[PDB]
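Below sits a lone chain in C-alpha cells, taken as the form deposited in one PDB entry.
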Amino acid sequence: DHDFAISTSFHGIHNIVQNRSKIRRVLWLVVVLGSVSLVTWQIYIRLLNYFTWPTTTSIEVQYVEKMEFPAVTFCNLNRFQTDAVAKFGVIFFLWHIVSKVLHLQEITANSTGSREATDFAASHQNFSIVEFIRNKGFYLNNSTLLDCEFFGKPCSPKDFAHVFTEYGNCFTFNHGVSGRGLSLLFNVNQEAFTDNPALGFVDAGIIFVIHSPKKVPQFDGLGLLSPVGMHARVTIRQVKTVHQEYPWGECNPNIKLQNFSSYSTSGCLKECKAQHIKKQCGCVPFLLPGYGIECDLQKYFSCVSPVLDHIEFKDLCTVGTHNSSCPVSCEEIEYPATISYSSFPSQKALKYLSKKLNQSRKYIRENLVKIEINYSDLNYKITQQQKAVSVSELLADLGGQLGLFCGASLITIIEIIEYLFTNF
C-alpha cells in the first residue's frame, strides 16, 4: 500500500514521498485535503447555480428588403343605424347583455333598461340578435370608404373581411418598402349612425387595432383611436419576443388549441371561457367561434351572465405565469405605434371635397377621417430569452472548479481506489 500511496499522482502525495518526514508528510496531506475540499466547494456552488435553471437575454436588430405588413381591423365608434334603432331602443341593452362575453363589465339588474330587455326576451325568444346586427350595424361600401391604397395601388371594399366584435360589424384588412404603407379615407356619417350616450360611447371617430394576420383582435382598452376632422399618421415597427420552457421561463408548448389552431394567449383564454360556458350551460355565445350550439337569447340572461360572474369571482381563468391556465406563448409579435396629427380639411381642399361629395361645408369637417399606417424601419427587433447553461456546458465548467487547486481528474479517483484497498 505504501508503494501505491507514494506512487499516487498527487502534489501532496508526491511531496509526502519527497520529504520523507512525519511533519512534512502530514503538512502536505493536509494541504491536499484542503485543496480538494475547496474543489468540492466550488463544484457544489456552481452546480447549485446550474440548478437555478439560469437565463441570459439577447436583443438584436434584424433586416429584410421587403417585410410582411400586419393586418388591421377597423370599427365605427357609433354602432347602429339611426333608422333601425329609433323605435327599438331596447336593442342597446340587449347588445350590452350579449357582449358580456367580451367586455366583462357589470350591469345593474334593477335598471329600467334591464327590465325592458328582460321583458322583450320573455316575449320574443325566437328573435335572433346576430342576424339583426349583421344587417343594421355598421357597413362598408362606396358610401363609407371613400378611398383606400395599400402600396400605391388602389384598394376596394371587397378586400375587407368581416368580423364581429364589441362594436359590431368590425372589418379587417390584409387577412390571412420602407416609410410606405396603407392609407384610407372613411365617411363616419353621424347622420346615419348613432349610439346611446347613456351607456357612454359619447365620442365619434374610427377605432382600430393592429395584429398579426392569423390572430383575432381584442380591442377593449387596447384599441387605438382616430378623431373626426384630422389626418392621423401612424408609424410602426415589428417587435418579436421569444421565451423558454417552464424551468427557464414560462412557455408551455404542450398546450394546443381546438380545431388545430396555433397557440395564442388570447386564444387560450377565450377557448377556456367557451369550454367553461359550454360545459356548465350547454351552449356557446355568438361572439366566439363555432364550438357548437349557439345559445338562445333567454340563456344570456338566465345562464351566461351568472356563469361569467362566477368565472370572474372564482378566478377560474388566469393568464401569464407558468402555473396559470393560459401560459405565455413561445413567441409573440407586437406592433408598437406612435401617432401624429394634422388638420385634414385644408380650406383649399375643403371646397374641392365639397364639390366631389356634393356635401355641405358643415358636413365634411363633422364626418371625414383620414388614416395612414406606415413602417418606420425595414429592420425589426427580436428579443430572445436563452438558457444560460447547457448540459454540455456543465461538463466544461465542472472541470473548472478543480482549476487553481490540485490539478487532477482521474488521479483523485485513482487515489480513491488506493484508499479503498487501503481501508479494506
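Between two forms, the rigid core is the largest collection of C-alphas that superpose within 1.5 Å. Start at 1 and count along the sequence shown; that's the residue number.
Deposited sequence between residue 176 and residue 177: 10 or more residues lack coordinates.
There is also a form deposited in another entry; it is not shown, and the following applies to it.
Residue 390: CA moves less than 2 Å between the shown form and the other one after rigid-core fitting. Once both forms are fitted on their core, a CA shift of 2 Å or more is seen for residue 62 between the shown form and the other one.
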